[PDB]
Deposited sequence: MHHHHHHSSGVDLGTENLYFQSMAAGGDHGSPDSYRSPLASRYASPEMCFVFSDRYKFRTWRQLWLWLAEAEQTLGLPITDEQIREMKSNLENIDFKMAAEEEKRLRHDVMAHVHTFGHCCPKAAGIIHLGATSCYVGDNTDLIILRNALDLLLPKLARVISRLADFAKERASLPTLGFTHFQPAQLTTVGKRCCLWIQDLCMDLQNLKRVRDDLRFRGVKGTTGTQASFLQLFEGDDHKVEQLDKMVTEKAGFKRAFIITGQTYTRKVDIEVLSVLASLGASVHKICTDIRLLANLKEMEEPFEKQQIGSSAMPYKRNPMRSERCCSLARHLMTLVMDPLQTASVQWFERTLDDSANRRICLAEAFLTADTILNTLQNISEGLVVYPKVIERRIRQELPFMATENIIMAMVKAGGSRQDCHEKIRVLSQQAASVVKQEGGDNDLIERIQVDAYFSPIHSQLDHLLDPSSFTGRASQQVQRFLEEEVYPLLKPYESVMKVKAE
């Protein structure tokens, strides 16, 4: 087992889905290395502020951040039924021992690690989402002027373009990118707060010096790479934070489910397919994204409920739930972005299928323009409307009652009434003349909104 024995349950998010990078962020090695990192930082800062901590103690700790004895820690945890003290012991064993965790409570490691993990998990998602957006934007640009049947109520509607529709998709994902970046940036550090949030043990440690306590809190926050620490906590950071993070993943799920549902419907229509020659192909990656996106939406109710029933300075009914929902929300989001990147790399378009479908539907939407051209030729709008209405009903009935191709244009051609227009008919039915401002909209959107958001991710010159 690197994901373990097949003789016991193994989470598919670990064993089947998420990237090894995100799997590692939520691994026990990452967690426990981070606990040691935090104890190292507490030591460093406690020394600076005058506590009795030698340079030598700080070096032996720094030298053993990664040398974690998991068999030992498991045995100690089993005996003490307390994970942090088990790790204090184990870290002391290879180390500095008497001053590890000096003055701190358990959440100094547990809760601050959770915050580092959440932020690092966001930092993994962000470039992946930007890559998907960038890949879709290339597609939108390429296909900006390609007419395609519009759909409202999934019924034929005013033509759009393949690239304009792709912009609906991109825009939602751009809102996600802004949301994730905001949440990542605004995440605050718990810091040093004590059992109930009052910093009592640290205040005793610093012999009543409130300013040394405030300095320590700022120092560990800065070492952890956070710009801001909470002033106010109970035992832990407010679980409202977990709602904020999972809500943004839930809304990302909704965007992806919509996008991948559209692609599935386009695949049925044979207009677009997932990246690669068999005649029948199933949109399995999009089906998978929808399946996983749904679980992201579902999971938002976990942190909403948890926060709602936290009592006072903390109840421990948050712990098991968070171990599952935070890790699994991010493993799920990771998988979805990885798959969606793959989807976005070489979407297959069939312009001749799209054209055929337009040829079958457009004439029903062209009748106003035909009416205008007759009236421009000095015809009667009224008479023309009545006549064209009857031809259209007849064409529609051939389609449904006979299962034939649409013959409206043929009907108009052999009708002498429309003789003043027969020479304009090809021009009047040119699909590019029905797509409104779709291509211009693509260009403006990409220039004004999409590329500026992508500029921090970019990662040839005139000479």
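Residues of the deposited sequence with no modelled C-alpha atom fall in the ranges 1-26, 122-123, 305-313, 497-499.
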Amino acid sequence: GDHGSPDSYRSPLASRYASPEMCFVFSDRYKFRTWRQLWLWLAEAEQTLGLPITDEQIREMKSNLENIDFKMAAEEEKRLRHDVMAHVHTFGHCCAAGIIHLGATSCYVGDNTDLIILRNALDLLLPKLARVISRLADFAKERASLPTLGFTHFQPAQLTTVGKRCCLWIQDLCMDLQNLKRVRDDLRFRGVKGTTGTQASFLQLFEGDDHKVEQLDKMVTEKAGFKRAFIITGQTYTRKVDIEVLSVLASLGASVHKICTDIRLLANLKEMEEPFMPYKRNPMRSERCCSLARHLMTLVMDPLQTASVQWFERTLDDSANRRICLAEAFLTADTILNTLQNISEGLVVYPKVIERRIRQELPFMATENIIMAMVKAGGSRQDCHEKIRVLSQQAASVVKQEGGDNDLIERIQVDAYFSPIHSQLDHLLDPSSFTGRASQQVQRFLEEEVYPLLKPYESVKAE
From here on, numbers count along this sequence of modelled residues.
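The PDB entry reports B-factors from which the mean C-alpha value can be compared for 434-442 and 65-73; the larger average falls on 65-73. In this entry, 85-93 shows the higher mean Cα temperature factor of the pair 85-93 and 106-114. You'll see in the entry that, of 324, 157, 277, 304, the Cα B factor peaks at 277. Taking only the listed residues 265, 100, 333, 245, the entry reports the highest CA temperature factor at 100. Among the modelled residues of its chain, residue 163 has a C-alpha B-factor that falls in the lowest third, as given in the PDB entry. Sort the modelled residues of the chain by CA B factor and residue 463 lands in the lowest third. In this PDB entry, residue 368 carries a Cα temperature factor that places it within the highest third of its chain's modelled residues. Placement of the Cα temperature factor of residue 341 within the chain: middle third of the modelled residues, per the deposited record.
Annotation for residue 383: CA B-factor lies in the highest third of the chain's modelled residues.
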